[PDB]
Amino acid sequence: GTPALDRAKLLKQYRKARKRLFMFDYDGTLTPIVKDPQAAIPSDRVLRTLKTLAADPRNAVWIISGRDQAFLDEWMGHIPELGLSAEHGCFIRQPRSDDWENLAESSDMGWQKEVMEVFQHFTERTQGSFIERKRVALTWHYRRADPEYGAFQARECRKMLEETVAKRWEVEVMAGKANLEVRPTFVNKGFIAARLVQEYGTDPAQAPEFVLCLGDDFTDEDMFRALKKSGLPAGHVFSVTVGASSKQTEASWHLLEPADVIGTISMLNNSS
């Protein structure tokens, strides 16, 4: 459980900070969960609120989303002051830059060949299993094997990956329900968050003195944890989950709904 975000405490640090960093999850945070996600086009109120926040040059405003580059480009990209992270960190656009960077193509992807060979080995041993490739992640699915024998082989596979591949390459080995996924570390929201803080440089006088980090599910927990280990003074950082007061989280605060998130940002926009 967490306390409701203390708006007085938030506003005071906002007013005191010389530079400020905002990291917003999109779906379920800035905009409500909906039945059809091609729905979830952001309202004019969301866009207006973000436009006003990002217009202050003291502010660095980031939108961090699983949504495709095309989506963010079309519905957010017309506000050039927004930093954008699309497809879970694979494509990044710095604020005020018209220049998307492809992190996949600039990183060492040699790990995919090795992971494929390992997965091929256990696929041969595990009837019912198969490999799924996505553009940056590789997944071995084994839901169709006997659960006991499946988990036996998944333990052996993970061990092989962790001791070989994950030592040589900057990747993470993730266990899902009945699958193993390997993916670059740059796809982890906590990696993204830590990197955004690191980009301010080594000069501690140059670190942002206000950080607001907002998200609604388990993928955002990674950001909250990353910020805890960032070395920033605790009173400068507000990690906020969107959800119930009773929600278990690494965040320090909660806001109940996306409307309350937009309402909080609007307060900051009306600070004058």
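Just count from 1 along the sequence shown to find any residue number.
Between 140 to 148 and 190 to 198 (mean CA B-factor, as deposited), the higher: 140 to 148 has the higher mean C-alpha B-factor.
28 to 36 set against 211 to 219, stretch whose average Cα temperature factor tops the other in the entry: The entry gives the higher C-alpha B-factor average to 28 to 36.
Highest-ranked of 72, 92, 116, 157 once sorted by CA temperature factor in the record: If I rank 72, 92, 116, 157 by C-alpha B-factor, first place goes to 72.
C-alpha B-factor winner, where the candidates are 153, 123, 102, 85: Of the candidates given, the C-alpha B-factor peaks at 102.
Record-listed C-alpha B factor of residue 230: chain third: For residue 230, the deposited C-alpha B-factor lands in the highest third.
Ranked against its chain, the third holding the CA B-factor of residue 109: Highest third, going by the recorded CA B-factors of the chain.
Third of the chain, ranked by Cα B-factor, where residue 65 sits: Lowest third - that is where residue 65 ends up once the chain's C-alpha B-factors are sorted.
Residue 58 by Cα B-factor - lowest, middle or highest third of the modelled chain: For residue 58, whose C-alpha B-factor we compare with every modelled residue in the chain, the answer is the lowest third.
Chain thirds of CA B-factor: placement of residue 239: Tercile = lowest for this residue's CA B-factor.
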